[PDB]
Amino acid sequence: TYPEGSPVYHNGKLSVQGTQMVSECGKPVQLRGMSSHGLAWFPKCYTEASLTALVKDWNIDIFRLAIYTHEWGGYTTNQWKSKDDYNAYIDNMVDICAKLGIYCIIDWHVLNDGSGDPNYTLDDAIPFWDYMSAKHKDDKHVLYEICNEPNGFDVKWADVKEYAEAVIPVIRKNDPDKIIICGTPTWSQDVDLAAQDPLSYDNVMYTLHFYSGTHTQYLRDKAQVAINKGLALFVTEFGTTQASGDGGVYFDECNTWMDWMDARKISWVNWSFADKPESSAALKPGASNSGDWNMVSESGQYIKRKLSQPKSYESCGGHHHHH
């Protein structure tokens, strides 16, 4: 039972129709929300209290759990939690999102230390995704992001497609209808190359990542090629900075990206909800010590203001029933 008036109450189980993500009543939906930073790095930032503030005060529709596979404390490392205990932690966060009625992305966050080819994480990715899809089959509010940012010159769409064709059957044997979001080459830029040979599965979307200090028209044009060839795109990560996550903020270029996404009804998730002293972090340093989840940085202020706009969906109605 999702809480009255919440994003999941309004839209129910989402699916993909052509290039558009739609609600349980078949209406186009654009979701807006926030990504975690590394969970092992900022655990004080990801609690019932902090997510309650994100929902009630920042008006988010969706939260993304960035589960690093590598670097210190990554899922594959057994440096912070055992793999099965990390699963239990993730499950707790998924349940908090359910209690608040927001969507939750489980993100297998490949990036560095060789994980740039997601195939090189399969010894852990297969049992991870087997577990998560079995555990969360009956959870209407989860989305499965199977490989954050494939990268490397050696990592082509053919290689990412082979990874996806290994993991998606493992998910779909347990959870037939849940949306799967598939990363693309060159740090989830090459959606136009994925569009040349798309996956044959239903309810699949393709990842686009941008950073407004780095990516401009060229990447929007690549994305438009993918859209014109019939792919549904999801911006599961973007920043207001250059791609490193620090330095200047570029709000004029981000406004261009926001207008562009709005016109195409493309969902977006901002990097990051954390109080690291870098300019892409949405909280001021020390906010996790004080517990003041509205003590925003310059970037957080800008994103919270975008989140405060009218919802980019229309309720499925039937408010006279519990959902």
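Residue numbers here begin at 1 and follow the sequence given.
On average the C-alpha atoms of 312-320 have higher B-factors than those of the other stretch, with 312-320 and 4-12 being the two compared. The mean C-alpha temperature factor is higher for 155-163 when 103-111 and 155-163 are set side by side. Note on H209, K173, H136, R220: the highest value goes to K173, judged by CA B factor as recorded.
Per the deposited coordinates, the residue with the largest Cα temperature factor out of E145, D246, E149, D84 is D84.
Ranked against the other modelled residues of its chain, the C-alpha B-factor of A49 as given in the entry falls in the highest third. Sorting the modelled residues of the chain by their CA temperature factor places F238 in the lowest third. Among all modelled residues in its chain, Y89 ranks in the middle third by Cα B-factor. For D292, the recorded CA temperature factor ranks within the middle third of the chain's modelled residues. Ranked against the other modelled residues of its chain, the C-alpha B-factor of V22 as given in the entry falls in the middle third.
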